[PDB]
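For reference, the structure discussed in these notes is given below.
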There are 4 protein chains.
Amino acid sequence: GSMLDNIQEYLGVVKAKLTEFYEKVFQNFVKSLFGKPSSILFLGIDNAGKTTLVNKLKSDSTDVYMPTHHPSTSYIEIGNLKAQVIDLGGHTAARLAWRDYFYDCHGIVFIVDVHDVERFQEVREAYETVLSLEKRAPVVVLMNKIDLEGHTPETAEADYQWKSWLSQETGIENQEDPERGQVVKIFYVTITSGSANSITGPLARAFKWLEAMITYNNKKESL
Amino acid sequence: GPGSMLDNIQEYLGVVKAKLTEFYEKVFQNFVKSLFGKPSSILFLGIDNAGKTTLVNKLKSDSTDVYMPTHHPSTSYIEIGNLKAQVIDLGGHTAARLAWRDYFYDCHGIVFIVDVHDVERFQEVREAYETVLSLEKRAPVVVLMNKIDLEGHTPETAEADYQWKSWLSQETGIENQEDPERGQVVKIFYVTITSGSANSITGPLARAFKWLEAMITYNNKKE
Amino acid sequence: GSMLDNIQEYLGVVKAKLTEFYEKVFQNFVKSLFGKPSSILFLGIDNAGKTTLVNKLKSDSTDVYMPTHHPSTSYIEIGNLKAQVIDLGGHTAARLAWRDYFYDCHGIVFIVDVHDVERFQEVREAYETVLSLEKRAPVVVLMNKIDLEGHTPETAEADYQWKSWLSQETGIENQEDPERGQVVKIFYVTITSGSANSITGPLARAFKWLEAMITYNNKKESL
Amino acid sequence: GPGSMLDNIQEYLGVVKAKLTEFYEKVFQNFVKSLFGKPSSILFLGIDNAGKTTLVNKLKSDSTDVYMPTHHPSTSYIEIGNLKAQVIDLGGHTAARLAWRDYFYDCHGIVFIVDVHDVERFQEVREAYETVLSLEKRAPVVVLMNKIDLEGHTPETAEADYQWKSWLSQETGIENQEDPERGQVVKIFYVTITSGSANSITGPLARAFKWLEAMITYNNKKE
Ligand SMILES: Nc1nc2c(ncn2[C@@H]2O[C@H](COP(=O)(O)OP(=O)(O)O)[C@@H](O)[C@H]2O)c(=O)[nH]1
Ligand SMILES: Nc1nc2c(ncn2[C@@H]2O[C@H](COP(=O)(O)OP(=O)(O)O)[C@@H](O)[C@H]2O)c(=O)[nH]1
Ligand SMILES: Nc1nc2c(ncn2[C@@H]2O[C@H](COP(=O)(O)OP(=O)(O)O)[C@@H](O)[C@H]2O)c(=O)[nH]1
Ligand SMILES: Nc1nc2c(ncn2[C@@H]2O[C@H](COP(=O)(O)OP(=O)(O)O)[C@@H](O)[C@H]2O)c(=O)[nH]1
Ligand SMILES: [Mg+2]
Ligand SMILES: [Mg+2]
Ligand SMILES: [Mg+2]
Ligand SMILES: [Mg+2]
C-alpha cells in the first residue's frame, strides 16, 4: 500500500507542466505569425468568446491590457499583434461611431456563439455592420462553442446540414478566392478546449489563413 | 524549420499526457486489488442506471479481469483479484423481495449506489434499499451517492451541503450507522464515478472501499 | 527566432520533474521491501559511499537522522528499514566495541570503493571484522564507484578478470546457496548515477536479494 | 501487481526524458539554421583535437545535412541550411602559411577553436592564429576557448577568472577587439562544446554565433 504513496500526485504535477508547455507553444506560434505590427480586430456580440480567445493568445508575463474608456472595447499588444476587441451590438445606425477602429485595420476575427441561436439576428446585424465598415481586410469567422452542440472540429466539419443552417441564419458565407475581392473563411472551434492550443488545429489554422491573406494584401498593395 | 519542430513537440506532449493519465488509472486499479487480502464477495447493488457497471469497469484491469456470463440479464460477475464482484440491477415495484436471496450467501460487503439526480425514482431506490437490508443483516454497507456533478457538486461541496444530505436520507431511507459496536454499519459517500478524480486513491470513492475493507476486517476479527 | 522562446526552459523543468519522480519510485520500492522492522547495517571504510546510499533511500520529508554520539556512526529510520551506518577502520582488536550493533542484526550492506585500490587492505580487514561479529545474517556487497573504472553495471559484470581481482584483493567471495550457511552476494553499482534509482537495476536487485534472504532466515528460524 | 506497474512507470519516464533531451538539441539546431538568412561561408579553424568536428556535428541536423567529400584529409565541408561550414585542421610548424588561402575567398566569418587544456600545443595555436589573421583581414572572428570543463570551469566561473583569461591571451596571442568601428572584430567565448548545456540557445556557445551573425550583418550594411 505504501508503495503507491504520492505516485498519483507526481503524475498530476507532470501533467500540469505538460499542459502549460502545450499552451506556451501555441502562444509562441501565434506571436511569431505577425512579422510586422498588425492591427487585428476581434469582433462579435457579447458572450461570443472574444476575451477568452485573446486571453488564450497572450503571455501573462509580458502582455498587458491597456485601459480603454468605452466599456465595450479592449486593447492589448501581443508582440506584433495589436489586438482590438469590440463587443458589438447591432440593429443601430450608431455603428458609424466605430469607424475610426477600421482605419488601417489589417484583419478581422469575427466570433459567433453557435449555441445562442435566439441572438442570431444580432449576429447577422453585427456581421453586416462589419462588412460595411471594412471592405478590404480579410475576415476569419470562428464558429465557437461547438462543444455545446456535442461537436468536435471534425464532426462539425462533416455536419453539412448544420453548417448550411448556421450560414443561413447569420448571413456569413465563405469567399476564399482572393482574386474575387475581400476574403471570408469560416472555422469551427471550441476556444475553451485544451486541444484548441494545437498549432495544427482549426483555431491555429484560422490565424495562419488570416496571416497569409494579410500578406497577400500587402503584396498586392505593393504592385 | 521550427514550425514542424513545435508541432512534433506538441504532439508528443499530448501522447505523454494520455499515457500518464492511463498510469493514473492503473494506480487506482492496483490500489483496489491490494485492499482485499482474502477472497471477498462484494455485492454492487442499486436500481438500473445508477452507475454500477461504470464503477466495476473502473475497478477492473482490462488485461487480466474478464466478465463471466450470468443467466439473469440483471446480474454481472467479474473476479478482480480477490474482489469477487457481483452486480445486481434492482428496481421497480415488486412483491418478489426474496428473489435475490441466494446471492447474499457468504456476502462480505455491499456497495449500494444511488443516482442523486433521478429524483423521480427515489421511491424505487427506497424499496431497493429496504429489500437489501432485509436480506443482509450483518455485512457492512457502503453507500455511494453518485452523479453529484449533475447537481453542480464536487465531493467537497457535497459534504458541506448538510441540507441536501438530509434530504437525500429522508427520500431514500438511507441513514448512516458508523458505530461497529452498535451492529451493522452503513456509511454514505458522495462521488462522481465517471470523473477522472474518482481514480484518486485519496478521493471519496477510494476512501469508501478502504472503509469497507476495514469493516470487513473488523467483522472477521470477531469470527 | 521568438518562436523558440522559453521552449528549452520548459523541457528542462519537465525533465527535472521526471527525475524527481524517477527517484521517488525507487524510494517507495525500497521502503515497501521491509514488511516488519528490520535492522540493516551499512558497513565499509570511510569514503565508500555509505552516507550517499542512505541519503538516496530516504524521503527528505518524513525521514530524519537521529544524533549518535560516536562520529563514525549514523542512524535513520526509513519506514521499516532501521538503517545503522558505521564507518569501519580495520586493523584493530577494538572491533569488539561494535559487538552490540550486531545484536538482532537482520542484514548487512557492505560497500567497497573499487577505485581506492591502495586501501584494499583496510577493506579486507574491515570485511574480516564483519564476518567474525555477525555469523548468521545475509551480507550483500556493493562494489561501488565502478564509473571511476569506466564501467557500467553491464560491462562490469562481463569483466571477469576484474571481478576476480577485486575478490582476490578484498577477500570478499560469493556464497549464494542458503542451505550452505551464511549467504554473501556481490553487486556492481554506481550509487551516484541516476540509473541507480531503477527498481530493476543492480542496486535495487541487491536490496530485493537481501530482503528475500532475510525472509529465508525468518522462515528457517520458525521451523 | 504494483511492482510491475512501477517498473513500467520508471521505464516510461526514462524514455520520455531521453526524447525531451533530443528535443532540447533540435531547438539548438533550429536556432542555428535561423541565424543565417543568406548563404554565409563560415570557416571553422584551429589545430586538430580542438573540438571543430564535435561543434559542427552539434550544429547539423542528422536528417537533412550531409558531409561532402573533400580532397584534403584536414578539411571537412557540410551545408547546414544557409551555414556553409568549412572545417580546416591547422597545426604544427610550417612555412606554408599560404597553403589555405583559397578557402578564404568570400569568407564571411571565422570560428576559431582552442583547447584550453592542451597547454603544450599553445605555440601551434599561436602560429595557427597568426596564419589565420594574415589570410583574412576583414571577416569577424569568434574565438571559442573550448574544454573549460577540463580546468574545472563552467562558463560562469571561467568568465570571472580574469587571471586565467589573461594567461590564455598571453600564450596564444588571441586578444579581444570588440569595437567594429576600429576595424576587424574578435571576441572570445569560453565554452564546453561536449556538454548538454552547450545546446542552450542562451548559453555562451549560442551567444557566440549570435554575435558572429550580428557582425556579418554589420559588415554587409557597409557593403
Ligand atoms: N462551452 C464553451 N464556453 C465557451 C467557449 N468559448 C468561450 N466560452 C465561455 O463563454 C463565456 C463568455 O466568454 P467571453 O470571452 O467573456 O465573451 P466576450 O468577451 O463577451 O465575447 C465565458 O464563460 C467563456 O468561458 C467555448 O468554446 N465553449
Ligand atoms: N453525469 C454522470 N453520469 C454518470 C455517472 N456515473 C455513471 N454515469 C452514467 O450513467 C449511465 C448509467 O451507468 P451504468 O454504469 O450503466 O449504470 P448501471 O445500470 O447501474 O449499471 C451511463 O451513461 C454512465 O456514463 C456520474 O457520476 N455522472
Ligand atoms: N564517482 C562516484 N563517486 C561516488 C559514488 N558513490 C559515492 N561517491 C562519492 O564518494 C564520496 C564519499 O561518499 P560518502 O557517502 O560520504 O562516504 P562514507 O559515508 O564515508 O562511506 C562522495 O563525494 C560521494 O559523492 C559513485 O558511485 N561514483
Ligand atoms: N572534455 C572535453 N572534451 C571535448 C570537448 N570538446 C571536444 N572534446 C573532445 O575532444 C576530442 C577531439 O574533438 P574533435 O571535434 O574531433 O576535434 P577536431 O580535430 O578539432 O575536429 C574528442 O574526443 C571530443 O569528444 C570539451 O568541451 N570537453
Ligand atoms: Mg469581453
Ligand atoms: Mg449495468
Ligand atoms: Mg558517512
Ligand atoms: Mg575533426
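Per chain, numbering begins at 1; letters A, B, ... match sequence-line order.
- Residue A:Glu20 touches chain C through both its backbone and its side chain, counting heavy-atom pairs closer than 4.5 Å.
- Of the atoms belonging to A:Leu4, it is backbone heavy atoms, and not side-chain ones, that fall under 4.5 Å from chain C.
- In this structure, C:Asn80 CG and A:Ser2 OG are separated by 9.0 Å, a value rounded to the nearest 0.5 Å.
- Across A:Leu11 and C:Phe21, no two heavy atoms sit closer than the pair CD2-CE1, 3.6 Å.
- Looking only at distances, a side-chain donor or acceptor of A:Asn28 sits under 3.5 Å from a matching main-chain atom of C:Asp5.
- Crowding of C:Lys15 atom NZ: a count of heavy atoms from other residues, nucleotides or ligands under 6.0 Å exceeding 12.
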